[PDB]
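This document starts with one chain, in the form deposited in one PDB entry, laid out as structure tokens.
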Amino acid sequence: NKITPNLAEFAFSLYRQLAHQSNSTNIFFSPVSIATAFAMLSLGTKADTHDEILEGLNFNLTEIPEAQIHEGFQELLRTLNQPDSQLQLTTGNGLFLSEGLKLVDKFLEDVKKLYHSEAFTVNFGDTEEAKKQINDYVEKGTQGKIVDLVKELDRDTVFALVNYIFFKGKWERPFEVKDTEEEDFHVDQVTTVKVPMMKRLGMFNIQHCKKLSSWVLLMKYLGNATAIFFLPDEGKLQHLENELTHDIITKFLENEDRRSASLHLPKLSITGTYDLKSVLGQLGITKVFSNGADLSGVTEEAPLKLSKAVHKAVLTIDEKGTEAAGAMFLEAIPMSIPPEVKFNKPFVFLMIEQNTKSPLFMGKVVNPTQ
């Protein structure tokens, strides 16, 4: 889809920002989930406020018309929220505005029947009630997986945006629980930690790429997405982070050559919690969060600004994220001895949706127990 390049540039911009902030913490976020939310918010903005957001999502407004942009997110939201989607994706957007504001019907209509998002009116005068009825909406939304999300609300708040996403994928070619063993993970060159290490001898889309100095592994999920893992050579993590591009990711997805390997991949569970006011502020999106915000598409008369914007992303990697099977296959291993390739030191990853080539997720594992 025609907005995919911009989505990919946004993914990297945000990742590089986060990888600059801290180099000692796990990173996990949805580029799609955040862009989509701020695209939607942009429908209620005008002029500088509006342009700042779309430019902050890596769109050049002197090259791409706004219709394409939105029809792009539309198309992408259509293919993500299919009824018959085997993809374990629980995504949601909460808009919370102080009651007493006369809200534009069209903005509430555009939000709901174009971006599938929830827009609520609450009394921000009571911090506990508002905070509980925000965290309660994420309780229902995530089937019960994300609780007590919003830690604090400052009194001046009039408008909060809450962006959540939970993913627990089922491998097309799963591991066997019986083969998972506790093993070392190297968090630095002299230090190890114990992790459940998943293990399978089989045929993988796995290759060492000299340009990126990295092992590159792609594994497909049920539903149509692909996990790609990059394991840098010693000292080559940052080189790896700098050299990633969309065309490269694209090139790896195009090739379905398989080779013999003994793979080690940690079973893992990670969450990234991000303050998007802070984080997107660093990428050029400040006006919509400040007193000068033109939110007249949300409300015509009264001054309004987005007080609070939160992103929470949750990921489980395991042997296969469902307890019932049915699919039976069989990979042929050749007689020759297979390389052992262990994902037992810091690595970078992405989940790419197959129809659009969109980056559903990006992240880095520095320490699986962190």
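When you see a residue number, it is the position in the sequence shown, counting from 1. What we label the rigid core is the largest C-alpha set whose atoms superpose within 1.5 Å from one form to the other.
**Student:** Would you determine, from the values in the PDB entry, which of 299 to 307 and 328 to 336 has the greater average C-alpha temperature factor?
**Tutor:** Here the higher of the two C-alpha B-factor means belongs to 328 to 336.
**Student:** Tell me which of 137 to 145 and 95 to 103 has the higher mean C-alpha B-factor in the deposited entry.
**Tutor:** The entry gives the higher C-alpha B-factor average to 137 to 145.
**Student:** From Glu183, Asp247, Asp188, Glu172, can you pick the one with the highest C-alpha B factor in the entry?
**Tutor:** Reading the PDB entry, the winner on C-alpha B-factor is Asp247.
**Student:** Please pick out which of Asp233, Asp110, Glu128, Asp154 has the largest Cα B-factor as recorded in the entry.
**Tutor:** Highest C-alpha B-factor among the listed residues goes to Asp154.
**Student:** Once the chain's modelled residues are ordered by C-alpha B factor and cut into thirds, is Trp215 in the lowest, middle or highest one?
**Tutor:** According to the entry, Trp215 has a C-alpha B-factor in the chain's lowest third.
**Student:** Could you place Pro196 in the lowest, middle or highest third of its chain by Cα temperature factor, using the values in the record?
**Tutor:** CA B-factor rank for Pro196: lowest third.
**Student:** Give the position of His264 by CA B-factor within its chain, expressed as the lowest, middle or highest third.
**Tutor:** Within its chain, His264 is a lowest-third residue by C-alpha B-factor, going by the deposited values.
**Student:** What third of its chain, lowest, middle or highest, does the C-alpha temperature factor of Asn205 fall into?
**Tutor:** Tercile = lowest for this residue's CA B-factor.
**Student:** Sort the modelled residues of this chain by their C-alpha B factor and say whether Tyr274 lands in the lowest, middle or highest third.
**Tutor:** CA B-factor rank for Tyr274: middle third.
Just so you know, the form deposited in another entry exists too; it's not on screen, but the next bit is about it.
**Student:** Once the rigid core is superposed, exactly one of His186, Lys267, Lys168, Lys199 has its CA displaced by 2 Å or more between the shown form and the other one; which residue is that?
**Tutor:** The answer here is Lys168.
**Student:** Is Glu234 displaced by at least 2 Å at its C-alpha between the shown form and the other one when the rigid core is overlaid?
**Tutor:** After core superposition, the C-alpha of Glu234 moves less than 2 Å between the shown form and the other one.
**Student:** Compare the position of the CA of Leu89 between the shown form and the other one after a rigid core fit and state whether the shift reaches 2 Å.
**Tutor:** Superposed on the core, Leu89 moves its C-alpha 2 Å or more between the shown form and the other one.
**Student:** Taking 2 Å as the cut-off, check whether the CA of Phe252 shifts that much or more between the shown form and the other one after a rigid core fit.
**Tutor:** It does not reach a 2 Å shift.
**Student:** If the C-alpha spacing of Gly321 and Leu231 moves by 3 Å or more in that other deposited form, is that a move closer or farther apart?
**Tutor:** The answer is closer, because the C-alphas of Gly321 and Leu231 approach each other in that other deposited form by 3 Å or more.
**Student:** So the CA-CA distance for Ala324 and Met219 moves by at least 3 angstroms in that other deposited form. Closer or farther than here?
**Tutor:** Residues converge in that other deposited form, at least 3 Å closer.
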